[PDB]
Amino acid sequence: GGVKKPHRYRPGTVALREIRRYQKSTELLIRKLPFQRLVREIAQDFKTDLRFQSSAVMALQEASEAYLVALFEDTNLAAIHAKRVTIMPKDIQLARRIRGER
Amino acid sequence: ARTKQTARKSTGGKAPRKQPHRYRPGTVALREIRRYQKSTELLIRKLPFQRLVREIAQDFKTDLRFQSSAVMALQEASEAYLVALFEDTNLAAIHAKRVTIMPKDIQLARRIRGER
Amino acid sequence: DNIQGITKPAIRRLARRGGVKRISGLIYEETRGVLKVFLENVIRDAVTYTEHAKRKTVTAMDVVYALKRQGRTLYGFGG
Amino acid sequence: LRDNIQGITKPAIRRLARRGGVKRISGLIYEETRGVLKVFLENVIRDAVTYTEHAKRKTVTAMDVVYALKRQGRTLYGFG
Amino acid sequence: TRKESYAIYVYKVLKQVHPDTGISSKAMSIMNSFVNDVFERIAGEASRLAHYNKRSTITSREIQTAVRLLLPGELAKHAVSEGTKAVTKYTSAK
Amino acid sequence: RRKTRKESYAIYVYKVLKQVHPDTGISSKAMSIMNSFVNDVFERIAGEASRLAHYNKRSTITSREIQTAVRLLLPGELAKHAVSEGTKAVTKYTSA
Amino acid sequence: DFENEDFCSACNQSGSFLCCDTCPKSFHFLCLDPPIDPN
Amino acid sequence: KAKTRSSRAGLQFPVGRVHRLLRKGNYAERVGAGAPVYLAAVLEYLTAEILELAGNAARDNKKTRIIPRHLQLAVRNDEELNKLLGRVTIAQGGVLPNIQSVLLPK
Ligand SMILES: [Zn+2]
Ligand SMILES: [Zn+2]
Numbered sequence: 033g034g035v036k037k038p039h040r041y042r043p044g045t046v047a048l049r050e051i052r053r054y055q056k057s058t059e060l061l062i063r064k065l066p067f068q069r070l071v072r073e074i075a076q077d078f079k080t081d082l083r084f085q086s087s088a089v090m091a092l093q094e095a096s097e098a099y100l101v102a103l104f105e106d107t108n109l110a111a112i113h114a115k116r117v118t119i120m121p122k123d124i125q126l127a128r129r130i131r132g133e134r
Numbered sequence: 001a002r003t004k005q006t007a008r009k010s011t012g013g014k015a016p017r018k019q038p039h040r041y042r043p044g045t046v047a048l049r050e051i052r053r054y055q056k057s058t059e060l061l062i063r064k065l066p067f068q069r070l071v072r073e074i075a076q077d078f079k080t081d082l083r084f085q086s087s088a089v090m091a092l093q094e095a096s097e098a099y100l101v102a103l104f105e106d107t108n109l110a111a112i113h114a115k116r117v118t119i120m121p122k123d124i125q126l127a128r129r130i131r132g133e134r
Numbered sequence: 024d025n026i027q028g029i030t031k032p033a034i035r036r037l038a039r040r041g042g043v044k045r046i047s048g049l050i051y052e053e054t055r056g057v058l059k060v061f062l063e064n065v066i067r068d069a070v071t072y073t074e075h076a077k078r079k080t081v082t083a084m085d086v087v088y089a090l091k092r093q094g095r096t097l098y099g100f101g102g
Numbered sequence: 022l023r024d025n026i027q028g029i030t031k032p033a034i035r036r037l038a039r040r041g042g043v044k045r046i047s048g049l050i051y052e053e054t055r056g057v058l059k060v061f062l063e064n065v066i067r068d069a070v071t072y073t074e075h076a077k078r079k080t081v082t083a084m085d086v087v088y089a090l091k092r093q094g095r096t097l098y099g100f101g
Numbered sequence: 029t030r031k032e033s034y035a036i037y038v039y040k041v042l043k044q045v046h047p048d049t050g051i052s053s054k055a056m057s058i059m060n061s062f063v064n065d066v067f068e069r070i071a072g073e074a075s076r077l078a079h080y081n082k083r084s085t086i087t088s089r090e091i092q093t094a095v096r097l098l099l100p101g102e103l104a105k106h107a108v109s110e111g112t113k114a115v116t117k118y119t120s121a122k
Numbered sequence: 026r027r028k029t030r031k032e033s034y035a036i037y038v039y040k041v042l043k044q045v046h047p048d049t050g051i052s053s054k055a056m057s058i059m060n061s062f063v064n065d066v067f068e069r070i071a072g073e074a075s076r077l078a079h080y081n082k083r084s085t086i087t088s089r090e091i092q093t094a095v096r097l098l099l100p101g102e103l104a105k106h107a108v109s110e111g112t113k114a115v116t117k118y119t120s121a
Numbered sequence: 256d257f258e259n260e261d262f263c264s265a266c267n268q269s270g271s272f273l274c275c276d277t278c279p280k281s282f283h284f285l286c287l288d289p290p291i292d293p294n
Numbered sequence: 013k014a015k016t017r018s019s020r021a022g023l024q025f026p027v028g029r030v031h032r033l034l035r036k037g038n039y040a041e042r043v044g045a046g047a048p049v050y051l052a053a054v055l056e057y058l059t060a061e062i063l064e065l066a067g068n069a070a071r072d073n074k075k076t077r078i079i080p081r082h083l084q085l086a087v088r089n090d091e092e093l094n095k096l097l098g099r100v101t102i103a104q105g106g107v108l109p110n111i112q113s114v115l116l117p118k
């Protein structure tokens, strides 16, 4: 007769819940070691064997997450601009086509 | 009973007192896209612009004369600012499957530009 | 009202130079306010600079100087 | 090393975008973003290896990073 | 080895404001870099103003034209007011 | 009361307009554009040189620290196509 | 609510009006049937 | 007995230091006596408004000591300090909590 059904939050509730979770966190998101490596291969191209402090990396990250959370933010406004809740690659592009990096 | 006064005159008679070929919409528009893009002259009639500056500078300091080259510098700068902002708006519009700049399209551009 | 002196066809001309093919009608009056607040930023700094030289007249040099501060340099008028 | 851009995992690119207040991240964004991280991190790190060499130092310093970010406009407080 | 920074000074003015509140060291460094940056911007603009007016000295006047050109909006008025009363007390106490 | 001397690179910009184009000419307005250009880019590169020096706790603008800043400002090819001409020019100077 | 007109709904002329409450039309004091005293 | 210039000016930030720095900064050839006094006066103000606002933020989160986050709130909540510190990215700040109205459930 009555068959079970698991308790699944509707698409979007878990979303907004972790939005409120993450907009109160100040902790960095991109993980450290993965990021650190991002550089050693993004630097090896500019100068060989450039050592890096454990603070340059942390800085070059804080500066990155900060740059990205800003761009995502203008991406969203750009996504809402077309009356849509999905962001698209064009958005990150319109946004950046207006900051003048493109 | 709500009442209102509109004559705004205590007495009447105040004056008598002691005290054919036609292009489709857009073709001419694109033609003078080309005209105002190949051109370099200054599109906001000058005098009107100069005045805009007198009545608006008045606030910061009275009796402020402006070297002629200055109000020409304000014009150039203003037309450059608005043509850049209008390129961005057209983009903020062509983004939303449309071809008509609308106020919202420019309240956004300026937000992404960060000029707000 | 000197602001309404920035006429529609003039805002249309700015849009044409800006590559816009259809201007809403409510844009014209948005472009005034945006225009004003911007001029009201340069000219403000133009004058701070002016009353620093104890000059009472403003110069185009002070105008491009205020633009340099704001960020948008203007070549062709000195400096 | 090589191709470590994939280290900025999707789970994370999201967490950042989630941080930025987005609710639906289309795919085809995870690739675009990593590209944006690699143009930013490029310029900054480049302007930092130039600062590094000028000082004839080898250890890219956090001090240089901050000065580099300044040049591009994105000043960072917290390190010097 | 000696590192010059605005540690004890900002701490003092913090107790002058709140004589009950602690401060984080990283947050301190935020304060130190922030006062250094705004100092650089106010002093640079001043240097410029001077070089435009063909002067050669950074008078208290320039720092003002500057503070009013950089600090935005009200933050300025209250900056000026406090700077003018500060230099007034400096000249009164000689 | 002859007007005082106004600094300008105009005379120079022409020598360089006369090599790249022995038969072209400029208009006052474009020349003044070019003078504002050279003053602006010179101020940019000279300001960068300054900090580079201050940062490294040293006090002298030299050729090294400017090859560095012109690189940090002029972007891309422009930079390389400059630093090369700049080192030549410096060596030809020091040559004699 | 809505602001009543500023022109009489009967004679299409300006003046002092008696404003309709549940209606956006305004009438002169003399333009109604029967005309309403202004006191 | 030598007194300091700050107590002459009535300030907490150092007026002496801000003179040296002004001098070695070579912002200009000659620097007067009152210029470091005014700058120390403005810097302490800006350091104060920001510290006050941070104090208003902290007590809210019931935390004794100010931590870098409290300094972002203070800066992004205020509309002035945000134009000033507007292209500045503070360490460990997070972002002002905000979600768009169209993203809310109906
Ligand atoms: Zn009715
Ligand atoms: Zn009537």
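So the protein lines, in turn, are chains A, E, F, B, H, D, N and G.
Under PDB author numbering, the first residue of the first sequence is numbered 33, with each subsequent residue one higher.
Reading the second sequence from the start, the letters are residues 1 to 19, 38 to 134 in PDB author numbering.
Under PDB author numbering, the first residue of the third sequence is numbered 24, with each subsequent residue one higher.
Under PDB author numbering, the first residue of the fourth sequence is numbered 22, with each subsequent residue one higher.
Under PDB author numbering, the first residue of the fifth sequence is numbered 29, with each subsequent residue one higher.
Under PDB author numbering, the first residue of the sixth sequence is numbered 26, with each subsequent residue one higher.
Under PDB author numbering, the first residue of the seventh sequence is numbered 256, with each subsequent residue one higher.
Under PDB author numbering, the first residue of the eighth sequence is numbered 13, with each subsequent residue one higher.
Virtual Cβ for every residue (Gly too), placed ideally from N, Cα, C.
DSSP three-state assignment for residue i, whether helix, strand or coil
i      : result
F61/F  : helix
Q76/E  : coil
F84/A  : strand
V43/G  : strand
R77/G  : coil
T16/G  : coil
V27/G  : coil
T277/N : coil
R45/B  : strand
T30/F  : coil
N68/G  : helix
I62/E  : coil
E105/A : helix
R88/G  : helix
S75/D  : helix
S96/E  : helix
Residues sharing a beta bridge with residue i, DSSP
i      : result
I130/E : Partner(s): none; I130/E has no beta bridge.
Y98/B  : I102/G
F272/N : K4/E and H283/N
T85/H  : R42/G
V81/B  : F84/A
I119/E : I46/F
Residues near residue i in its chain [Cβ-Cβ closer than 6 angstroms; skip 5 each side]
i      : result
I124/E : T107
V49/G  : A21 and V27
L97/G  : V87
Proximity winner among the options, relative to residue i (alpha-carbon distances)
i             : options                          : result
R72/E         : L103/E, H113/E and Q93/E         : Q93/E
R116/E        : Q85/A, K36/A, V101/A and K115/A  : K115/A
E74/F         : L103/E, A15/E and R83/E          : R83/E
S52/D         : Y39/D, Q44/D and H106/D          : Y39/D
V70/B         : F67/D, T93/D, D65/D and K82/D    : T93/D
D68/F         : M84/F, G101/F, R40/F and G28/F   : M84/F
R96/D         : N81/D, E110/D and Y34/D          : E110/D
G105/G        : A95/A, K36/A and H39/A           : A95/A
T96/B         : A60/G, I102/G and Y57/G          : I102/G
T119/D        : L103/D, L98/D, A74/D and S88/D   : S88/D
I29/F         : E133/E, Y99/E, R69/E and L109/E  : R69/E
residue 32/E  : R131/E, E97/E, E105/E and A111/E : Chain E lacks the residues between 19 and 38, and residue 32/E is one of those with no coordinates.
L65/G         : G46/G, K36/G and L83/G           : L83/G
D256/N        : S271/N, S269/N and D276/N        : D276/N
residue 138/A : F100/B, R23/B, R39/B and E53/B   : Residue 138/A is absent from the model: chain A starts at 33 and stops at 134.
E59/E         : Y98/F, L37/F and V43/F           : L37/F
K82/H         : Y72/F, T80/F and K79/F           : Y72/F
Residues of its chain near residue i, where Cβ-Cβ distance is below 7 angstroms and the 5 sequence neighbours each way are ignored
i             : result
residue 102/B : One cannot answer for residue 102/B here, as it falls past the ends of chain B, which runs 22 to 101.
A69/G         : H82, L85 and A86
8 angstroms CB neighbourhood of residue i in its chain, flanking five on each side removed
i     : result
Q24/G : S18 and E56
Ranges of the alpha helix (DSSP H) found wholly within the stretch 29–68 of chain H, counting only runs of at least 4: 35–45
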